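S.K.: Sequence first, structure after; it's an experimental one.
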Amino acid sequence: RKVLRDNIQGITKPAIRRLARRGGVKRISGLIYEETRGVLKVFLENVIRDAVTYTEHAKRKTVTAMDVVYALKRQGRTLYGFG
Amino acid sequence: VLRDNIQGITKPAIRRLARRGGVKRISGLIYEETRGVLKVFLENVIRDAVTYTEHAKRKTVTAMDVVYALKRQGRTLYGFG
Amino acid sequence: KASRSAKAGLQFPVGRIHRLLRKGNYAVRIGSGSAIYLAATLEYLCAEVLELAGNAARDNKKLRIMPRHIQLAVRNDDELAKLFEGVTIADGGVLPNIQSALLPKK
Amino acid sequence: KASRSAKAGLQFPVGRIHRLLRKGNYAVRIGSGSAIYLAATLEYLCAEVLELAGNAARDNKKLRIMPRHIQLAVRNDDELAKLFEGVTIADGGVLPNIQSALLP
Amino acid sequence: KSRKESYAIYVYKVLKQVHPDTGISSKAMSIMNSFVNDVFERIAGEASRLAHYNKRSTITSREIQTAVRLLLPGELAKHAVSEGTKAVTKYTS
Amino acid sequence: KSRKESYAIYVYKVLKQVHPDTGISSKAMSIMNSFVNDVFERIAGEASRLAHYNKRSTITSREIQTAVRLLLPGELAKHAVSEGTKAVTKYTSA
Amino acid sequence: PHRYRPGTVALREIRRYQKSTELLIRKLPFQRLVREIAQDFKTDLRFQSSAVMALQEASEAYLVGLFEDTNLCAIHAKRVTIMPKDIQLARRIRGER
Amino acid sequence: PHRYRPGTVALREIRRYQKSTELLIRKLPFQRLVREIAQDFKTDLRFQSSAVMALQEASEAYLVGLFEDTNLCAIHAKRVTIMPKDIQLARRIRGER
DNA sequence: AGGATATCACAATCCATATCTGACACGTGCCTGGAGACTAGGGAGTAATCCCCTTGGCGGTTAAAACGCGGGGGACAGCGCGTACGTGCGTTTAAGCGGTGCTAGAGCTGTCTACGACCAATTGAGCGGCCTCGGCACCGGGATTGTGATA
DNA sequence: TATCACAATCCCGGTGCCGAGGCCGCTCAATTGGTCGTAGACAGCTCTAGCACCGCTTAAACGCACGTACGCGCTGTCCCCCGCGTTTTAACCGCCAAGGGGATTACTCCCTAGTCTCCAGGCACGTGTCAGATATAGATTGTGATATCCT
């Protein structure tokens, strides 16, 4: 079994810049990158925990697309395109 | 018929509402603006309330009708029915 | 044997929607008209979204509706954007929009 | 005879809760462990909120839990204020909270 | 091989009658199918709660009419009501 | 004559057991009753949807336990699951 | 005679209203406003004496919740005064319109 | 040689990314991040190749939606630069934590 | 000659107490619904296969990221200043209370009736799977607004 | 403030390829027809219960004068963020072998619905006591103006 560590630093600076440009931001400060990594980690924990609850309820090991879609729907973030 | 009751939400009432919210100093153009906001919120709730009522063939807007109208906008209200 | 969809003048399935109602645990018994009515509204909303999306795709000289066109046609409609309020669309991008205070002044 | 809510050491009515689940159109068949489990969690939530409310009412020199004390004890707790996301509590007031910039 | 039960071909029919010269991708078909599913679940849930508040047990067309008047915003809920009423009326004939 | 059922006496029992010397006003009891109704309907609706995604037809204790884990956050859900398990065990021991 | 400096009666009001839990709008003007609004959805309606109370509680909770966020948005811009720009920004961030 | 003034490559990037609809995070680092996060909830899990895709779509939509509001909050204060104060204010107004 | 600054005066908040009313805790009557006990049953646990689809590995390409430098522009600090908001006072005015009468609507009871579930059989509609093609990506290349350096 | 050279952007178009459309066979589910129990529409009735008005207070709102501090506008600094160039590092694509897990099907045994009954638990109703609210009053406090001690 593998154990992965320090992966939040995998979301690099240019990726966050790309996200911001899509959002419409013109100038980005220098301390936004760590803050964005933090926000991303928090959202991801909140969604993956519900997805894993839905999975291990049905006696499974394979987090399905629909488990994630339900984990999102139960946060008011309906996601059309994977059901 | 009733006309121009949004002026019944007087300026001191808005001062008190802001003071409960934690505002130290209120501009002069807030009041009118605030009324607008209020007159929209009610329009979105009362309508649903009325819709919940004339569906039960009734004519009196109960308190459960208002509670349901709120709940169906994610603004649950504990204390009435 | 005629399909109820044909009798009611629709395209969406009245039989399948009625069954889906009966086995979804919505009430103990389900009236005949509820299926027809629900199917009519479903088909109407589908017609609205697909019409606007086809338009938005023709405004790009593209004869095929992709997710991007559905997003463009839903965010550029007040009522539909109110219906898709909390909804994300995969592969949908965002609306081209730049705030005023960011463009070069002169 | 013997009550069911008292057969499991509970205080919330397992009979009424089971009948509500059944006659509420949630599923077709409803187990006998669902009523007891649901009543246990309902009683736990009630006990927790009522305990925090009683504490907040005692720390205000009173003896009777009023809506003010339930609002105080709900907003002043992390998990509970997370469970009360969009709940308005009638006659609840707000939390006493002046910002730091408004202070003199 | 279990069957998959979607709204693909019905959405395709509606599209081919409202925009006869344009097609639809597969991703867009999935999105429209999920959209129909979501609106169905919203409207049916609201009709169920309306039947439950008034101590009823049947989901008649009255409850679906009211649920549509609740969920759909503004001007949509007028045309959807018109279409539904026209369809039911032509059914009873 | 019409009747209506509420959780008044049960909430009052719980109070008198956790805070023996503290009353509860009328409006606060109405608030706690609304609270119980709301949490009940949340857990039960989520459990229904759960038993409907897996094509089951029975809301066993499993569905309620998972719904409690989904709704109540953090340390609340842990203790609530513990209390539910203790209750079910005591009852099943007849 | 005596004269409190601007910004102490304000804070005393803040501390007084954040503590008590009454209703802040006069019941009769609000009830008349509710009836005048409902006139546009069904003519010759009828309101329970508690439905108006629930509507008022919900409305005041909404406005207080909005003023908290407006105050945050005003402090964000090196100010203490709240202007309509702040209300509109808060109502745009929260997702309303 | 040539040198674009600061604030034109930025706007060209804005116009390019607001138009195309690809994925903006590299799939493999994001997938590894998802697995490293899930390690804390059930050891030795297993992810469909489409569950990761759904998680990435949801995550990018969330971050884009957050940056739009952060940009509004930054413009609110006579600026064009976005700082962590803006992100925290937006996440407080929207009701998150 | 003004600022600092401890120092003096005054309106507001808060304990402490009587007293007073109403709102809750408690006992009673009655009812309705929950608990047993038996029967039928159908839904979930168990086992066995099996096939498919996810992890792990590797290997090659290549383009996206990291770093480092350099220049500009924008965020922050500092000050003046004009206005507009808070504070307070005095007059006025509707909001609250309570009280009474009026009628309109609402819940309940019996009554019927039409309608939707249940079941057994039939066929046609739709879905999975295999072919065929026309829209889109992709690349090369020519024409076109645009942007900073020149004057 | 008008003009020029270069660095994307856009459009023409030609190829292919691949994802959409058409088509076939079956198979599962929608339809039809009785039969019945079932809830729901309907008329009357009794009774709340919300509406209307009015008299009277009196607490709250409004309007004005003022004067203080806060928003705003201008200038200057310098820090920090963007643009650009190089290098390389890690993503992407794919080929594939293991194998581990998810779906399916048939059995079966356990756990739940249905029904009648009956008792005991819960709700409406009175009843009186206790605690919250109100009124004064005193003592504690926090705020603001001022003379005095420094530069």
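M.R.: Happy to help now that I have it. Numbering: from 1, shown residues only, chains lettered A, B, ... in the order given.
S.K.: Indicate whether the one helix or strand residue E:9 maps to makes contact with chain C.
M.R.: Assigned by DSSP states H and E, residue E:9 belongs to helix E:8-18. Yes: contact of helix E:8-18 with chain C (CB under 8 Å from any CB of the partner chain) involves E:10, E:11, E:13, E:14, E:15, E:17, E:18. (Each C-beta comes from the backbone N, C-alpha and C, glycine too.)
S.K.: Please give the three-state secondary structure assignment for residue 69.
M.R.: In the absence of a named chain, this looks at chain A. helix (DSSP: H, G, I helix; E, B strand; the rest coil).
S.K.: so it makes contact with residue A:82?
M.R.: Yes: assessed by CB atoms under 8 Å, residue A:69 is found in contact with residue A:82 at 5.4 Å.
S.K.: Now do the contacts for residue E:19.
M.R.: When contacts are counted by CB atoms under 8 Å, 6 or more residues apart in numbering or on different chains, residue E:19 touches C:50, C:51, C:54.
S.K.: Would you list the phi and psi of residue 54?
M.R.: No chain in the question, so chain A it is. phi -60, psi -40 (degrees, to the nearest 10).
S.K.: hmm, back to that, make TSV from the residues of helix E:8-18 next to chain C and add distance to residue G:81 to it.
M.R.: TSV is the format used below for the residues of helix E:8-18 next to chain C (distance: CB to CB, whole Å):
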residue	distance to residue G:81
E:10	57
E:11	53
E:13	59
E:14	54
E:15	54
E:17	58
E:18	53
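S.K.: out of those, which is most surrounded?
M.R.: Neighbour tally across these (other CB atoms under 10 Å in any protein chain shown): the maximum, 26 neighbours, falls on residue E:11.
S.K.: If we ignore the residues flanking it in sequence, what's nearest that one?
M.R.: Of all residues not flanking residue E:11 in the chain, residue E:32 sits nearest, at 4.9 Å (CB to CB, 6 or more residues apart in numbering or on different chains).
S.K.: ok so, going back, and the contacts of residue E:19, which of them are buried?
M.R.: C:50, C:54 (16 or more other CB atoms under 10 Å in any protein chain shown).
S.K.: From the contacts of residue E:19, which land in helices?
M.R.: C:50, C:51, C:54 (DSSP state H).
S.K.: between those, which is closest to DNA strand I?
M.R.: Taking CB to the nearest atom of the strand as the measure, DNA strand I lies nearest residue C:54 of the ones in helices among the contacts of residue E:19, at 11.4 Å.
S.K.: my guess is the closest one meets residue E:22, correct?
M.R.: Yes: with contact defined as CB under 8 Å, residue C:54 counts as touching residue E:22 (4.8 Å).
S.K.: overlap in contacts of these two?
M.R.: C:65, E:15.
S.K.: hmm, back to that, just the CA trace of the helix holding residue E:9, in CSV.
M.R.: C-alpha atoms of helix E:8-18 as CSV (Å, rounded to 0.1, in the frame of the first residue of the first chain):
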residue,chain,number,x,y,z
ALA,E,8,-32.5,10.3,-24.2
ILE,E,9,-34.8,9.6,-27.1
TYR,E,10,-37.6,11.8,-25.9
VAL,E,11,-35.3,14.8,-25.5
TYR,E,12,-34.0,14.0,-28.9
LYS,E,13,-37.5,14.0,-30.4
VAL,E,14,-38.3,17.4,-28.8
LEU,E,15,-35.1,18.8,-30.1
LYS,E,16,-35.7,17.5,-33.6
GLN,E,17,-39.1,19.1,-33.6
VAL,E,18,-38.0,22.5,-32.2
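S.K.: OK, contacts around the closest residue to chain D within chain C?
M.R.: Relative to chain D, the nearest point of chain C is residue C:25 (5.4 Å; CB to the nearest CB). Applying CB under 8 Å, 6+ apart, we find residue C:25 in contact with D:25, D:26, D:27, D:28, F:48, F:52.
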